[PDB]
J.: 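Structure provided below as structure tokens; questions to follow.
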Amino acid sequence: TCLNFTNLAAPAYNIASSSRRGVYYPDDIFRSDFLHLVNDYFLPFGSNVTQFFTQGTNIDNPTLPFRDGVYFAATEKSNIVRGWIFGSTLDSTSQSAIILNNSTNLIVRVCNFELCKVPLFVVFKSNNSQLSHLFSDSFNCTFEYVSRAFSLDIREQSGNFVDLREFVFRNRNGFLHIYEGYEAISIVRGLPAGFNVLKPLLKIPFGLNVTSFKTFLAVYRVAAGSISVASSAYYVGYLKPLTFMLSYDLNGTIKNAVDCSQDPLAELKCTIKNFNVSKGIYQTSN
Amino acid sequence: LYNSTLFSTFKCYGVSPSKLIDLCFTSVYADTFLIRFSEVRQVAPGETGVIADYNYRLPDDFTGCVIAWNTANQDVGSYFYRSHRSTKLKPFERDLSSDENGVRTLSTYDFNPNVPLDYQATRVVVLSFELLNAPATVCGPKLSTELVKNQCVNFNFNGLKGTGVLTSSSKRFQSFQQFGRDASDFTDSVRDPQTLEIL
Amino acid sequence: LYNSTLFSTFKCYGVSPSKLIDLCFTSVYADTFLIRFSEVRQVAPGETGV
Ligand SMILES: C=CC1=C(C)/C(=C/c2[nH]c(Cc3[nH]c(/C=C4\NC(=O)C(C)=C4C=C)c(C)c3CCC(=O)O)c(CCC(=O)O)c2C)NC1=O
Ligand SMILES: *[C@@H]1O[C@H](CO)[C@@H](O[C@@H]2O[C@H](CO)[C@@H](O)[C@H](O)[C@H]2NC(C)=O)[C@H](O)[C@H]1NC(C)=O
Ligand SMILES: *[C@@H]1O[C@H](CO)[C@@H](O[C@@H]2O[C@H](CO)[C@@H](O)[C@H](O)[C@H]2NC(C)=O)[C@H](O)[C@H]1NC(C)=O
Ligand SMILES: *[C@@H]1O[C@H](CO)[C@@H](O[C@@H]2O[C@H](CO)[C@@H](O)[C@H](O)[C@H]2NC(C)=O)[C@H](O)[C@H]1NC(C)=O
Ligand SMILES: *[C@@H]1O[C@H](CO)[C@@H](O)[C@H](O)[C@H]1NC(C)=O
Ligand SMILES: *[C@@H]1O[C@H](CO)[C@@H](O)[C@H](O)[C@H]1NC(C)=O
Ligand SMILES: *[C@@H]1O[C@H](CO)[C@@H](O)[C@H](O)[C@H]1NC(C)=O
Ligand SMILES: *[C@@H]1O[C@H](CO)[C@@H](O)[C@H](O)[C@H]1NC(C)=O
Ligand SMILES: *[C@@H]1O[C@H](CO)[C@@H](O)[C@H](O)[C@H]1NC(C)=O
Ligand SMILES: *[C@@H]1O[C@H](CO)[C@@H](O)[C@H](O)[C@H]1NC(C)=O
Ligand SMILES: *[C@@H]1O[C@H](CO)[C@@H](O)[C@H](O)[C@H]1NC(C)=O
Ligand SMILES: *[C@@H]1O[C@H](CO)[C@@H](O)[C@H](O)[C@H]1NC(C)=O
């Protein structure tokens, strides 16, 4: 069973610019005091991402393209954003994979899902705050994963966003790579400028033609019976084939990076392979 | 399996045979399917044919082995394969759509012992692995020997090199790595694979 | 020919397979004959046999 909606507002594709965000480890080799160039898929420095928020009579979970990799970042307080579904055409005619957090277990499962129009989790403010339905049905399939049990808080209003979870999704050779990162914050408005590396977390074999994805949210049902939304926001960016220049330090962590295609100064930095440039005039590669 | 099985095909990529005994593999996966006897040549990186682009495709940077053997008088049912498609498959991908809305895409072949040798049913098993700076959990049958120091010796901490072995007390590891990496792509101060002592 | 034929030998020289789709050839010839099954290995450059 899935709910009904008639007062929903159309999403507004707001534009917010990232800055030095979305860097992940390319290789599982411990290197210290190292510096080298890598040509891979990265989120460009200074590129602008799209903004989706749930504020009031406005729930934004549309089907978004999965071109070459997605940068996902969420600023939330009350655990509104729960998970995503990946696949092609997102219906029963093909196979689709979900990654879910239903406040008790982490669920990774790919089946022939039949999604409804508005898939949401429903939490009662009273009634000891249980969960509810997501979609309609799902017939035979060949993968399962249920993690360990845990207890998750599912209601908290602090007035400011205190959690920043960032993800990078990649599809390569039938595998879905997941890179994760967490950062404590205190903001009210939007995506904060900064820099934090993301560590490899998951590598699940799917064998799926992945072209689109959709996100799962959570809403609240009041004691009267109507639905009430809670404040949250998330941002979506796309990866491009670019050349980066990463740096390593003691303990083998990435601490700095340069996007070589941003400005002539970055081109000069990538040409001589150094973060510091002395006075002079230098020839640069393309 | 030496006194039980007989393999018509055993081809490995990225690692020579008779070296898998002294090796450790980090992540191992096995793919199993059933095709005709003449289509085993299409299960290779860079091939073409009805299997290589519409049913099962290997990546170009493939590391692993391909094993096949004939299984007549064992598989008698009717099986299916993809005859045509709008595009060709990505490596390590599946397409479980039994039929399109317009026309059916799945062709069938029947397996019986009386069928000729070119059309007989064989089982194919494909393995894939890689080597990282991590514990592997899939190793060969090797026995650990006594650790000696202060002499020119050849060590086998999953890799061969002949040096002198001393005791290191000023090494900080990340609890994942065994050897690490140097500036000139060298490996130094290896770890004992079961203890935490760094040599 | 995918749903009607079954080839036990497909070897190409000077050009890799899965590249003939996006190629144009300017002078194509075809030679046909009939031999035994064990003599197919002799149909190759720099071979010996009857
Ligand atoms: C479904 C995907 C999913 C992934 C891959 C995930 C990963 C993940 N989540 C947490 C903690 C982690 N995760 C969450 C909750 C979340 N984290 C999220 O990414 C989301 C969407 C929520 C739910 C709104 C909390 C509240 C904590 C802290 C747990 C603690 O306090 O020990 C860790 C670090 C564990 C530790 O070191 O204690 C990791 C690797 N969590 C997930 O839910
Ligand atoms: C193939 O070799 C295996 C390994 O020796 C044989 O298994 C043994 O069988 C004998 C009886 O024939 C038992 O006493 C042993 O305990 C078995 N060994 C193990 C390790 O289980 C097996 O029988 C042989 N198969 C054939 C067809 O000859
Ligand atoms: C993955 O799925 C997509 C979506 O179905 C496929 O793209 C379709 O390709 C056909 C080819 O005739 C077009 O008619 C459709 O319009 C395409 N759909 C879209 C949404 O663009 C794509 O081919 C599949 N990829 C692979 C490798 O099989
Ligand atoms: C193999 O595929 C071909 C098409 O590539 C099939 O030929 C079609 O057959 C239908 C009837 O099933 C006819 O109406 C069409 O006119 C045929 N198309 C063409 C282009 O000739 C063929 O039937 C398939 N099967 C076999 C066993 O050859
Ligand atoms: C949704 O919309 C109408 C109006 O609310 C309602 O009558 C109808 O039964 C609903 N459809 C469902 C629940 O499938
Ligand atoms: C980023 O901003 C520029 C401003 O010129 C705009 O043209 C572009 O479409 C924006 N990018 C995206 C992905 O919307
Ligand atoms: C979450 O899903 C698991 C799947 O096994 C289920 O056992 C558990 O009860 C669910 N928790 C909820 C709905 O709170
Ligand atoms: C409270 O929860 C129970 C158990 O899910 C449900 O049967 C009941 O209808 C709920 N009551 C209200 C008033 O929401
Ligand atoms: C799933 O069940 C349906 C209905 O019985 C069947 O047609 C289909 O082949 C099944 N899918 C499999 C076995 O992958
Ligand atoms: C490396 O890790 C140690 C662990 O004690 C920590 O104290 C140190 O600050 C780290 N180094 C850097 C440069 O952050
Ligand atoms: C080089 O640039 C960094 C910032 O990238 C700065 O902190 C540092 O002081 C500069 N100079 C030297 C000598 O490292
Ligand atoms: C297991 O490892 C310990 C050290 O961690 C070693 O002493 C012991 O011999 C090992 N046991 C076997 C059966 O290999």
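Atom set for the values below is all heavy atoms of this structure, side chains included, hydrogens, waters and symmetry mates excluded. As the structure lists them, so they are numbered: ligands from 1, and atoms in each ligand from 1. Throughout, protein chains are lettered first and strands after them, A, B, ... in sequence-line order, and every chain is numbered starting at 1.
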J.: Given the protein's heavy atoms, is any one of them under 4.0 Å from atom 2 (O) of ligand 7?
T.: yes
J.: Counting heavy atoms only, name the option from A/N101, A/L100, A/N102, A/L152 that's nearest to atom 8 (C) of ligand 7.
T.: A/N102
J.: Can you check whether a protein heavy atom sits less than 4.0 angstrom from atom 6 (C) of ligand 1?
T.: no
J.: Could you tell me which atoms of ligand 1, counted from 1 in the order shown, lie closer than 4.0 angstrom to a heavy atom of A/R82?
T.: 1 (C), 21 (C)
J.: Is there a heavy atom in A/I80 that sits closer than 4.0 Å to ligand 1?
T.: no
J.: Has A/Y182 got any heavy atom lying under 4.0 angstrom from an atom of ligand 1?
T.: no
J.: Looking only at protein heavy atoms, which one is nearest to atom 6 (C) of ligand 3, and how far off is it?
T.: A/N209 ND2, 4.2 Å
J.: Does the side chain to side chain donor-acceptor pair (under 3.5 Å) test come out yes or no for B/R82 and B/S97, once each step is laid out?
T.: CA-CA 10 Å; B/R82 275 225 195 278; B/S97 95; 2.8 Å; yes
J.: Number the atoms of ligand 7 from 1 as they appear, then name those within less than 4.0 Å of a heavy atom of A/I107, with their elements.
T.: 2 (O)
J.: Only heavy atoms of A/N105, strictly under 4.0 Å: list the atoms of ligand 7 that pass.
T.: 3 (C)
J.: Under the disulfide (SG to SG under 2.5 Å) rule, collect the residues that match up with A/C116, sequence neighbours excluded.
T.: A/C2
J.: Looking only at protein heavy atoms, which one is nearest to atom 9 (O) of ligand 3, and what is the separation?
T.: B/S86 OG, 4.7 Å
J.: Given that the side chain starts at C-beta and the backbone is N, CA, C, O, which of these parts of B/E93 lies under 4.0 Å from ligand 3, counting heavy atoms, or is it both or neither?
T.: neither
J.: For a quick check under 3.5 Å, do A/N7 and A/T57 share a side-chain donor-acceptor pair by atom type?
T.: yes
J.: When you measure from the centre of the six-membered ring of A/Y238, is the NZ or CZ of A/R67 under 6.0 Å away and within 45° of the axis?
T.: yes
J.: Considering only heavy atoms of A/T104, which atoms of ligand 7 have at least one such atom less than 4.0 Å away?
T.: 11 (N), 12 (C), 14 (O)
J.: Is atom 38 (O) of ligand 1 touching the protein, meaning some protein heavy atom lies under 4.0 Å away?
T.: no
J.: In terms of residue, atom name and distance, what is the protein heavy atom nearest to atom 23 (O) of ligand 3?
T.: B/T87 OG1, 3.5 Å
J.: Centre-to-centre under 6.0 Å for A/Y71 and A/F167, is that the case here?
T.: no
J.: Could you find the nearest protein heavy atom to atom 28 (O) of ligand 3 and give me its residue, atom name and distance?
T.: B/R85 NH1, 2.7 Å
J.: Is the ring centre of B/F179 less than 6.0 Å from the ring centre of A/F30?
T.: no
J.: Please check atom 17 (N) of ligand 1 for a protein heavy-atom neighbour under 4.0 Å.
T.: yes
J.: Does A/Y220 OH have over 12 foreign heavy atoms under 6.0 Å away?
T.: yes
J.: Atoms of ligand 3 less than 4.0 Å from B/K88 heavy atoms?
T.: 27 (C)
J.: Within the structure, is a non-hydrogen atom of A/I178 found at a distance of less than 4.0 Å from ligand 1?
T.: no
J.: Among all protein heavy atoms in this structure, tell me which lies nearest to atom 4 (C) of ligand 3, with the distance rounded to 0.1 Å.
T.: A/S88 OG, 3.4 Å
J.: For ligand 1, is any non-hydrogen atom under 4.0 Å from A/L106's backbone (N, CA, C, O), its side chain (CB onward), both, or neither?
T.: side chain
